[PDB]
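These notes are about the structure you will find just below.
Counting convention: from 1, in listed order, for ligands and their atoms alike. Residues take their numbers from the sequence shown, with the count starting at 1.
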Amino acid sequence: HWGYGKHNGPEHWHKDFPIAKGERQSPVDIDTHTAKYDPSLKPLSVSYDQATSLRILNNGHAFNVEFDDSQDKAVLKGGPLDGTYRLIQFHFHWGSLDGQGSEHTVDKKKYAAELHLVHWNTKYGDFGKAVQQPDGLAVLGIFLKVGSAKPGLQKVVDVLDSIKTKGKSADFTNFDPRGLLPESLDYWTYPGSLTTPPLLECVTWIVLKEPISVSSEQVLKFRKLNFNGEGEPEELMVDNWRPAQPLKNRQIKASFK
Ligand SMILES: Cc1ccccc1S(=O)(=O)NC(=O)Nc1ccc(S(N)(=O)=O)nc1
Ligand SMILES: [Zn+2]
């Protein structure tokens with residue numbers, strides 16, 4: 001039932017998912033002047049050398065690039081995290097226009113899109129169990145701005161025509177997520193939630209300060225995807241972002257001065 005339209009969008013989600021008005025919902029605005037530098041935060045450890053991508057799926061609200069998460073092949077460690085978090089999938093949120101699309105904002109600034117690399121804590125055995133824990137997930141959030149092309153993104157862009165509509169998937173092996181990372185791993189971190197239903201409060205958010213640049217042509221191809229299934233009326237997959245939620249009793253920490 002839920003989606004991003006006028007009648008099923010973020011402002012309606014609380015009726016099926018009351019945690020939508022919870023105490024640690026995501027995304028949030030990152031007020032850069034109020035975020036506190038935490039010198040005890042460690043460098044982030046992004047170890048994607050052994051990543052095994054498998055498939056790309058249009059799920060009706062975004063597209064997921066899925067990875068083999070049955071071994072420690074692509075893991076996130078360090079930073080605010082205790083233990084080891086395995087990469088399971090990544091996806092993006094984006095706008096109908098370059099001036100919006102990101103979920104997190106920075107001093108109220110909206111980026112054209114936001115990449116989420118979703119990882120689960122191996123102490124909980126699988127993703128389904130992890131989402132039931134307050135430290136179950138670590139999502140690495142990376143802002144996209146429109147400028148120069150991101151070469152490492154192009155393989156993703158070029159397969160999208162084969163998964164235009166909801167429920168379509170395509171083989172997507174040997175994709176290297178390292179090609180989507182910015183130079184710096186400076187980050188902000190805070191406790192939050194899944195940003196789509198079921199909106200579970202299981203995420204340590206790690207949002208990188210440095211955006212990546214993608215080309216206008218690259219984001220335009222995102223906007224050619226469909227929310228609908230094949231044979232249903234075409235509704236472009238755009239503006240699949242949840243707006244900033246109240247920070248409430250939370251402090252955003254920065255890894256950098
Ligand atoms: C629930 C859940 C639990 C177990 C297995 C699958 C699923 S799910 O696929 O139905 N839902 C999600 O994975 N939700 C999800 C994932 C990531 C994000 S986020 N915060 O990166 O945008 N939001 C929601
Ligand atoms: Zn997301």
Side-chain angles (χ1 to χ4, degrees), residues 1-4 8-10 13-14 16-20 22 24-30 54-70 74 76 81 85-95 100-105 110-122 124-144 156 163 166-169 177 180 187-208 211-212 219 222 225 227 237-245 250 252:
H1 190 268
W2 72 267
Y4 298 92
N8 65 357
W13 294 352
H14 71 100
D16 277 321
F17 305 93
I19 198 171
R24 53 176 281 185
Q25 288 290 290
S26 294
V28 298
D29 181 55
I30 299 166
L54 291 170
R55 196 175 73 134
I56 188 169
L57 171 72
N58 182 333
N59 63 23
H61 42 97
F63 63 87
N64 289 355
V65 173
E66 299 161 358
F67 289 79
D68 175 20
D69 65 346
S70 67
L76 182 65
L81 306 174
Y85 289 69
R86 282 185 198 164
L87 180 63
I88 178 168
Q89 55 103 331
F90 72 77
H91 58 274
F92 303 81
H93 303 264
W94 63 93
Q100 65 195 36
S102 71
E103 296 206 305
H104 293 89
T105 54
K110 298 179 163 76
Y111 285 88
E114 189 175 327
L115 165 64
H116 291 160
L117 293 128
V118 180
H119 309 76
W120 57 272
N121 195 332
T122 59
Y124 305 123
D126 65 12
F127 181 81
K129 297 301 183 323
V131 298
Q132 305 180 58
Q133 315 303 326
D135 61 345
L137 298 200
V139 185
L140 182 59
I142 301 176
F143 294 119
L144 277 62
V156 172
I163 57 154
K166 180 170 71 72
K168 296 297 191 189
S169 66
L180 302 176
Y187 64 87
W188 296 283
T189 187
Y190 76 96
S193 73
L194 301 183
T195 68
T196 63
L199 302 174
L200 297 169
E201 289 180 335
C202 61
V203 182
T204 300
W205 276 96
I206 300 167
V207 178
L208 300 191
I212 58 167
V219 207
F222 282 18
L225 291 162
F227 284 131
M237 184 180 277
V238 298
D239 295 316
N240 58 349
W241 51 277
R242 188 187 195 192
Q245 299 303 301
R250 290 180 286 180
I252 300 179

Would you say atom 8 (S) of ligand 1 touches the protein, meaning some protein heavy atom is under 4.0 Å from it? no

Ignoring hydrogens, what is the shortest heavy-atom contact between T105 and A244? Give both atom names and the distance. OG1-CB, 4.4 Å

With a heavy-atom distance limit of 4.0 Å, tell me whether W205 approaches ligand 1 through its side chain, its backbone, both, or neither. side chain

Which of the ligand 1 atoms, numbered from 1, are nearer than 4.0 Å to a heavy atom of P198: 1 (C)

Closest approach of any protein heavy atom to atom 20 (N) of ligand 1, naming residue and atom: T195 N, 3.0 Å

Which atom, among the N/O/S set of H93, is closest to the Zn ion (ligand 2)? NE2

Taking distance alone, with N or O pairs closer than 3.5 Å, would you say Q89 contacts ligand 1? no

Classify the contact between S26 and ligand 1 as side chain, backbone, both or neither, using a heavy-atom distance cut-off of under 4.0 Å. neither

the protein heavy atom lying closest to atom 14 (N) of ligand 1 turns out to be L194 CD1, 3.9 Å

Give a yes or no on whether the ring-centroid distance for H104 and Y190 is below 6.0 angstrom. yes

Does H119 use its side chain to pair, donor to acceptor, with the backbone of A138 at less than 3.5 Å? yes

Measuring from the heavy atoms of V203, does anything fall under 4.0 Å of ligand 1? no

Rounded to the nearest 0.5 Å, how far does SG of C202 lie from OH of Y124? 10.5 Å

Which of the numbered atoms in ligand 1 are below 4.0 angstrom from a heavy atom of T196? 15 (C), 23 (N), 24 (C)

Report the atom name of the nearest N/O/S atom of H116 relative to the Zn ion (ligand 2). ND1

Using only heavy-atom distances, determine whether the side chains of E201 and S193 contain a donor-acceptor pair under 3.5 Å. no

Hey, are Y85 and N121 close enough side-chain-wise for a donor-acceptor pair under 3.5 Å? yes

Show which atoms of ligand 1 fall inside a sub-4.0 Å distance from at least one heavy-atom site of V118. 21 (O)

Of the protein's non-hydrogen atoms, which lies at the shortest distance from atom 21 (O) of ligand 1, and what is that distance? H91 CE1, 3.3 Å

Run the numbers on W2 and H61 for ring-ring contact (aromatic ring centres under 6.0 Å, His included), then give the verdict. CA-CA 9 Å; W2 72 267; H61 42 97; 4.9 Å; yes

Around atom 6 (C) of ligand 1, find the nearest protein heavy atom and jot down its residue, atom name and distance. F127 CE2, 3.8 Å

Could you tell me if the ring centre of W205 sits under 6.0 Å from that of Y187? no

Shortest non-hydrogen separation from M237 to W94 and the atoms involved: O-NE1, 2.8 Å

